[PDB]
């Protein structure tokens, strides 16, 4: 139901890095995508992938249920967008 599109230009990902307070480094992969929210065009969205998750190939995806969780105030929140092919 939520249609997410990774265009050919968006196979191109980036990696952000640093070290934590507690002496330990990190790297997160980041990729852009288009999410169709029923507006005139799809919106540009940024995804930050989980540790050691490969970037997504071009194609149509949908949002996997594991993207969601119950937040701090009892309401449903997005943890991070986890996609599965359509």
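Positions refer to the first chain, counted from 1.
Item to complete: With reference to the PDB entry, specify whether the mean Cα temperature factor is higher for 60-68 or for 20-28.
Response: The stretch with the larger mean CA B-factor is 20-28.
Practice prompt. Would you mind checking which of 84, 1, 6, 81 has the top Cα temperature factor in the PDB entry?
Written response: The listed residue with the largest C-alpha B-factor is 1.
Discussion item. How does the C-alpha B factor of residue 75 compare with the rest of the chain: lowest, middle or highest third?
Written reply: As the PDB entry reports it, the C-alpha B-factor of residue 75 lands in the lowest third of its chain.
Worksheet item: Would the CA B-factor of residue 12 place it in the lowest, middle or highest third of its chain?
Response: As the PDB entry reports it, the C-alpha B-factor of residue 12 lands in the highest third of its chain.
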